[PDB]
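Chains J, L, N, M, O and P are the protein sequences, given in the same order.
Per the authors' numbering, the first sequence starts with residue 3, numbered consecutively.
Per the authors' numbering, the second sequence starts with residue 3, numbered consecutively.
Per the authors' numbering, the third sequence starts with residue 3, numbered consecutively.
Per the authors' numbering, the fourth sequence starts with residue 3, numbered consecutively.
Per the authors' numbering, the fifth sequence starts with residue 3, numbered consecutively.
Per the authors' numbering, the sixth sequence starts with residue 3, numbered consecutively.
Working notes for the structure below.
Protein chains: 6
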Amino acid sequence: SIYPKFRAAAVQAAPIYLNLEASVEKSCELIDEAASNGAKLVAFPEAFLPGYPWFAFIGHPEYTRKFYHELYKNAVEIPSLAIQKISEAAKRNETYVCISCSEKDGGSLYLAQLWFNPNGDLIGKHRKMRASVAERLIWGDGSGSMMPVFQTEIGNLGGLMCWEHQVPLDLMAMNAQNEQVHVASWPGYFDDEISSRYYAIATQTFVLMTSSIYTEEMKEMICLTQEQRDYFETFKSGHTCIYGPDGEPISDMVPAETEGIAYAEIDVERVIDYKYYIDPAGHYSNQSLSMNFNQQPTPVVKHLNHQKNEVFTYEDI
Amino acid sequence: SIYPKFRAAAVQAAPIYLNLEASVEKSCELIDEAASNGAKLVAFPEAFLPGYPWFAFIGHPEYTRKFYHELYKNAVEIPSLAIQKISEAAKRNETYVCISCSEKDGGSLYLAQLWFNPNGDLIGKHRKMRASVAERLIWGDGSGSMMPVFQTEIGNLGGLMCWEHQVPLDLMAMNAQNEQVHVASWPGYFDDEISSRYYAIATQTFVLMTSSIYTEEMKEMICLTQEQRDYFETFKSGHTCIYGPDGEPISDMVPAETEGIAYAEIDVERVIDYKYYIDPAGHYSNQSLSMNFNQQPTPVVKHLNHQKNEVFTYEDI
Amino acid sequence: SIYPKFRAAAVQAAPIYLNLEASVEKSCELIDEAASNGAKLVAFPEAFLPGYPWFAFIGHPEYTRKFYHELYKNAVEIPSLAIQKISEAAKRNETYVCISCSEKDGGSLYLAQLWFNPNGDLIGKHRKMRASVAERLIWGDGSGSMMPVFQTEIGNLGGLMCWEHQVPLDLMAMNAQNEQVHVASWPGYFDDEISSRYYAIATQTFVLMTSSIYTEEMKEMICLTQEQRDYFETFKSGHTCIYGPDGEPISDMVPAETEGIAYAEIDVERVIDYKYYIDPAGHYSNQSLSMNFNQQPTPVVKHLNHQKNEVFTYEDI
Amino acid sequence: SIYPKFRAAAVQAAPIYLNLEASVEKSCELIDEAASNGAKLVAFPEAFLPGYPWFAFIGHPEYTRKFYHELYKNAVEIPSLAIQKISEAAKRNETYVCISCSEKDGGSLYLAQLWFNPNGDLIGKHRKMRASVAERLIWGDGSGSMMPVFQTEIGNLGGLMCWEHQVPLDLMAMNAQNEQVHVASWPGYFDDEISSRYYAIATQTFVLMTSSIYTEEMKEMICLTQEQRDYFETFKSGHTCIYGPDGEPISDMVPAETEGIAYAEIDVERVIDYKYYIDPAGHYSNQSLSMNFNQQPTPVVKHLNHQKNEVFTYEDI
Amino acid sequence: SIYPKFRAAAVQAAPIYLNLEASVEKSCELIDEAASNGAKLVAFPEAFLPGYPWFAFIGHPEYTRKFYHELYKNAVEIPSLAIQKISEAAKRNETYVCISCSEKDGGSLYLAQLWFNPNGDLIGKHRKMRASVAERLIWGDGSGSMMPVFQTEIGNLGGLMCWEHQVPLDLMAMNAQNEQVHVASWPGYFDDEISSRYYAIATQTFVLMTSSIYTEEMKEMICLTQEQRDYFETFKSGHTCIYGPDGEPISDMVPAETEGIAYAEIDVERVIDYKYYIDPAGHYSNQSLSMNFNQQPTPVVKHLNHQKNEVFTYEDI
Amino acid sequence: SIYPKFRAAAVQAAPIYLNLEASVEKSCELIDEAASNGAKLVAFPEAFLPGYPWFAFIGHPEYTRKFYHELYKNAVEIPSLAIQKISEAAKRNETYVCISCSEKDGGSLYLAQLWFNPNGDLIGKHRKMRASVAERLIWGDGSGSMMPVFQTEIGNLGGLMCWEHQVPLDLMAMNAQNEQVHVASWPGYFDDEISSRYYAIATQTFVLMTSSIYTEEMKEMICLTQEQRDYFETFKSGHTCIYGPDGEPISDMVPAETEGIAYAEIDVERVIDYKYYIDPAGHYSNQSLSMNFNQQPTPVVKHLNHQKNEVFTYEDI
């Protein structure tokens, strides 16, 4: 393997709430801005296309149904027009890109992270392993066969998201792949400094805290009664910064409410210092403990030897 | 996909019994009248060309032979005049039509459904997977690579008949491919209500339940003896009607004893907000269960590289 | 398709042994007589032109070499006078004809059947798929792209010879083409009755069982010594008769000692109510067994873009 | 191989109708006597325990359904008393035994052959590959992974039932495995010698042609009305014989009206004398035709790593 | 490639006629003695186990069938003891061995070579393609899949048999695989000098030419009557030689009537002097003529995934 | 299609080296004498007009250029006086004649055989597929669409040259067209016995082996150093003879290295005896080997619709 040095960027921003066709073009302006400064990797916050479902836990389970109907008509798909306009934006700048989506498959709905190469092609995708209490009635279940780490020109990339950082089995699974740089996206409400800072120590990587900001149109959309409106103002706002494998910040901190970007030098050769003290998947282990990591895909129904069909054209008959 | 809104119709009728050349013309006089109301989809009851074989139910395995000898001469081959006239009847009205028949291949009969689109040509066909108690003497076996569901401007659609609704894995095999509008066809003796009501709930789908009626043309031929002509009056009659994805009627009910049609508005966007409660092939699954859906053609002999012979015509020799 | 009614005839006869120019006139006067009764179809025994090679059964592999030198001069070699003399006879009356012969192309002999239509043209030919035990060293090999059945005014027609009825694959290979009236021919000797009779039950078709008889000139030049003569006189005699799809004779049998003709009046629609019990190539089958039928013609050397040479001439030079 | 020599016997009999306990005890009388005359192998007719369903060939579904109720409670099952009672006789007398019976599994009936070996134990089973004309109401369908041949002591053993002799690919799938002594079990009506004598020639084996007779007990429980009684006495009755690979019978024809036994010497070395002429899967073939034979086990639902549960005792609680 | 150097030996011998256990024991002491003198490769005449069928062209088809009955029992099968007795004699001496024999396979019978390697294992086998004039009664035909050439510690090895050297397509197919050292088994009757001198030049390879001799013990059994006793004195006897790549004999002719061995020294890089003039598959070629080679196993039935069996024991039952 | 018999002749001689004007006169007195003895076919050795280029085999590429300047002036340039003098000689007598020469097209030389017929006309032409090791730098290159096999009153005729007998698939290219009498032309120096002997056995024609002799006059104009001459004397002597389908001579060989002729009876009916043993392009073949014989005339530039042009004569000007 090889140990590169490069500049990386992390973005604090918000979408045009529940509208996809504005939000994809806002991302194109914001990535051409980010890449203009020569950063080689760019990463966006949680659920950026089209937006995180705050309505799922301001109201009772019946209040959600009328908003879910408007989310479901604005989710993305693998061959969708929303992918072409990102794939061209990567191709025109020659940077690695990491973006978060809600995907529609087989009439069901999921949360995913999605990656693009400097040649413009889609490297792969990741699916949320389990939903937290706000999410469990909006989004579908995970899979164990969709937990990649990629060999690249810029070292071994990966990235969990959200509450996944509280589960030690996923820390071990990701560390078994020998990751080196790791994106971590948060919606904004959950308390996120302490768990992302522990993760940097536990697997010896750089990490990019990335998170979203609240805006005026989303509250005018989602509140209706006064005790929903003045209750929504209870939520804490997020922040974004990047950490070394020692657990201190290397970047500055983006101001705690405004839209903006942070960036720093990354010098991945420096990781070797900290692998001397500890390595959970190597020498710092015990023969009395193990882990079973199944990696085959098991869709609920499996097509074998998919084939097309024939038609008798009207000229024939 | 596009979530269209349109008017649909279902017809309750009887064929001119065991005569193909008369029965196809009666079907034309029905569809050319059903199209006047502007309905974009039309569906017919079970085995409509030439007719369902009641003689299998009321005599021993030798008695059915003398009638089978008259059925076989009236079954439909694919390039027959009987398909050219239906293709004209679709093309001249620009409506989707689903029609049912005895289809004859090589030496054997099968039961099939045929789908024609507004351009007048076939989209495809489907074959009965297994026969019920009586007709298993008459019709041949099914195939598993012969159950398509079609993408089209009116949203994804397909269909089934008779006891197919009693088989749980087959119900899953439609849901696996995201069907949205469904034709369910019945010969009228079996109790057609409760299983079609359940299929609408289990897949959240609009169901066009469609059924035949008896007539004097049966009575003067099917039963020779007095005890047969007595016994044949035992049978129940059908209930042609349209159910919503809530499991309740949207149309009126056609009266239980006469020829006629039913129709309603169909608003396909309304399927979305019932997916929130239950989705058997999506988020409601578990890793401990799965399905092996193999779909590749397998006739008993498979021709390879079809070729044509040469003729030494009389002028050369 | 349509079901005909007609009279068919089967001819029991012997050729003028190893003499083609005599034997073709004998074949003509048999058709000229047999057509007087109004029979639409006529069939002949195996290797009627010029004769069957009995010498292979009564001597070691050097003994045959002196007679093979004469057989090779008397092969039919299409096109020739041996074809024109039959093609005229089939047009002088109005019947189908099936005749079997030794055919020469390139350097090798083969055994073949030739089929003539009432317009006097060849419909096609068939080559024996494998030799028996004794003629294994006289005639060449078969091909898989030369097993046609012909679609005609008198239904679907085809035919086989000799031991082909002992091989279960070939029953399937003909049944999948859907035959209705069938020709089978034998040289006598092999005990033909039960092997022929079974084919009628297995494929539900009328079988025109046909065979040849021994003569004085057939033995007087072939028996060079008394230990060959008193051996050859032991051989079993043949039969000629018509069997129905019930496995019973409809005609009489021609007397075992002499030349003669058998005929019956046949009604092709009568197969339908036997097809009710079993159809091995249709509904009477299992997914666990299948046949590969490679219909691709592959001669040893395949000419591509055949051209005609052009020459200088004595006037030009 | 070894090419052994022995004596074998075919049994002609009738069961005590729809009674299991009487019919299993009747077999222990009949095996012990048949083995006392020196026979090493014995065989039995179609569905001998509890009895063949003649009530399917008369009346209509409402007539047969009330008799099915008493058949279902009398069917055998894999670990039952009925098998224990037979296994005594196969141990004591030092013989092979072949017996055919209607076994059940899950909710469902089948028809199967049971083979026992002189050590005392079950060597394998065979399950009918398709129902016959009236049987299609009663029994479930077979599978391709239950068609063995057994290599032991008296050549290679195998067998088939009813119209399996009419389907060309079953002959083929058997000859590919080199069987040498064959059992062929028939019911009463539609028993034929022709489909048996052809099989003997087509595979070159000895054949134990075996069938059952009607009995006085049947009438006043099979037919409840005068028409059904006067119809049912019209059926033909079966034969029993041993055939050599010559196509000639090697034992006397046992009478058409008695609880008889036919037995003869068998000399397996005599078969190789005729294997010289033809072999449909050996030297008598070409590359244009071949068969795809798939024998994976295919239950509808297959258990994986099934285990046995824990429990709490009333002493513990 | 590597171009090794070694001493090689060609064997002239006769088997104990039609006795396998006598003939295989002679082959052990002959392999041992030949290997005692420093030879690294040893090759045997055509059909040395159990012996060549000279009775095939000394009488008519009834005379030979009673001898096939005694040949068939003395054939070699794939896991037999004759292979075990040879395999140990290869491992005892560290020499490559080529031998040829009647391979019994299922019901069928074939003529094949066997190639053994100094570790003791099989390298592979080769089957005769299409049998010679009298032989095509006895053995079955080969298949195009079994046409190997072996990359080996003594350079690339292979070998045709008998009249296969008369067919130009087999010369092309073998020369396309870049073979270096070759063996040519003959039965000792046909003209085998010109048939092999040309092959050495056409391939540019050393060839071992080997043949068998008669012995009076066979004449006392294959010909009872006086005529064949006289006729079977008139046949030729074969040569044994080694030829260089220029078609020149490199070692002494073995006497025409005695058992014994020829030795020579093989020097594989001597061949490079001759590829300079001609290479029929490399530089000595044209675009307009080319050959199609189909390499794929062709069994008449192809077994898919196999399965084992369960027997309920006499202690379970 | 007929089997003639006739007397045939072959001649060994030499041209007047590199002089065309005398060498055509030498060919005329040889035909006018050879035909006086009553032979009906006459054949000539390699490159007879104006002579084979021995000056290519000795000395370097800059030396051979000096003599090519003379060879190019003496090519046959069809049509020309050089062929008109042969056409007269072949019409004065009544014999087929086959003559070898260096042809010229546009800028390049080629090697050809010309065939003349008893009406005096040129029936066609053959051209060498590829050059020998030395002559590759003198002559041009072959094509696939110039493989004639002429039908004639003396049977099917054709003929190859030099190493063409050592390209195995080229024998198949002639045998595909059923050749019967064959002429084989050699320059001397090469070993012509075993390659022509094998061709006679392999494709069963008669063979006219024909070759040239050295004159002293050629070496005294070619050699200028001593060691060129001393090297030239190492070359092998010539031969001429007629071989039968048995692979043995029917004529004497021409007794010495001196100008002279050989002749024999040819009885074409006698080939049929040997096609009983083997026929490589017919029954002695397999399904896994084929050939692609593409005979399409594709010169480097292909004229389309050749036409002339107008001249403005001095009257119009």
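Don't be surprised by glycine CBs; every beta carbon is placed ideally from N, CA and C.
Check, Outcome
"Confirm, please, whether the CB-CB distance from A12/M to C164/M is below 9 Å.", "no"
"Going by alpha carbons, who is nearest to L116/L out of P55/L, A204/L, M149/L, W141/L?", "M149/L"
"If you follow the alpha helix (DSSP H) that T66/L is in, where does it begin and where does it stop?", "65–73"
"Buried or exposed, going by whether 16 or more other CB atoms sit within 10 Å of the CB of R199/N?", "buried"
"Am I right that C103/O and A45/O are in contact with their C-beta atoms under 8 Å? What's the rounded C-beta distance?", "In fact, because the Cβ distance is near 13 Å, the residues do not count as touching under 8 Å."
"Enumerate in chain order the residues of its own chain whose CB-to-CB distance from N177/J is below 7 Å, with the five nearest sequence positions on each side excluded.", "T205, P282, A283"
"Would you list the one or two residues that DSSP bridges to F152/P?", "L159/P"
"If we ignore side chains and look at the alpha-carbon of each, how far apart do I224/N and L113/N end up?", "21 Å"
"If you check the beta carbons only, do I203/M and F8/M fall under 9 Å apart?", "no"
"Residue 391/M lies in the alpha helix (DSSP H); which residues open and close that run?", "Residue 391/M lies beyond the residue range present for chain M, which begins at 3 and ends at 319; the question has no answer from this structure."
"Helix, strand or coil for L113/O per DSSP?", "strand"
"Answer with buried or exposed for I280/J, where buried requires no fewer than 16 other C-beta atoms within 10 angstroms of its C-beta.", "exposed"
"Please look up how many angstroms separate the CB atoms of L51/L and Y98/L, rounded, as I've assumed it's under 8 Å.", "About 18 Å separates the two Cβ atoms, so there is no contact after all."
"How would you write the range of the alpha helix (DSSP H) that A91/J sits in, first residue to last?", "83–93"
"Excluding the five sequence neighbours on either side, which residues of its own chain have a C-beta within less than 6 Å of the C-beta of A136/J, listed in chain order?", "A58, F59"
"Given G144/P, which residues of its chain have a CB within under 8 Å of its CB, disregarding the five upstream and five downstream residues?", "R129, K130, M131, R132"
"Is the segment 153–163 of chain J touching the segment 178–189 of chain J, taking contact as three or more C-beta pairs under 8 Å?", "yes"
"Taking CB distances under 9 Å as the criterion, tell me whether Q153/L reaches chain J.", "no"
"In whole angstroms, give me the CA-to-CA distance for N21/L and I196/M.", "40 Å"
"Using the Cα positions of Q297/P and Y65/P, report the straight-line distance between them to the nearest angstrom.", "38 Å"
"How many angstroms separate the CA atom of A266/M from the CA atom of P247/M?", "14 Å"
"Could you pull the start and end residues of the alpha helix (DSSP H) that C30/P belongs to?", "22–36"
"Against chain O, which members of the segment 251–284 of chain M pass a CB distance test of less than 7 Å?", "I274, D275, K277, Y278, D281, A283, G284"
"Could one say the Cβ of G142/L lies closer than 9 Å to chain N's Cβ atoms, at least one of them?", "yes"
"From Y286/L, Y276/L, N288/L, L111/L, pick the residue whose C-alpha is nearest to that of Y70/J; which is it?", "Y276/L"
"Assuming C30/J contacts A91/J (C-beta within less than 8 Å), just tell me the rounded distance between them.", "5 Å"
"So with CB distances below 7 Å, who are the chain M contacts of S110/O?", "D281, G284, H285"
"Would you report the Cα separation of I274/O and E35/O, rounded to the nearest angstrom?", "33 Å"
"Check whether the segment 214–221 of chain M and the segment 230–242 of chain M touch, using three or more Cβ-Cβ pairs below 8 Å as the test.", "yes"
"Would you mind reading off the limits of the beta strand (DSSP E) that contains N296/P?", "293–296"
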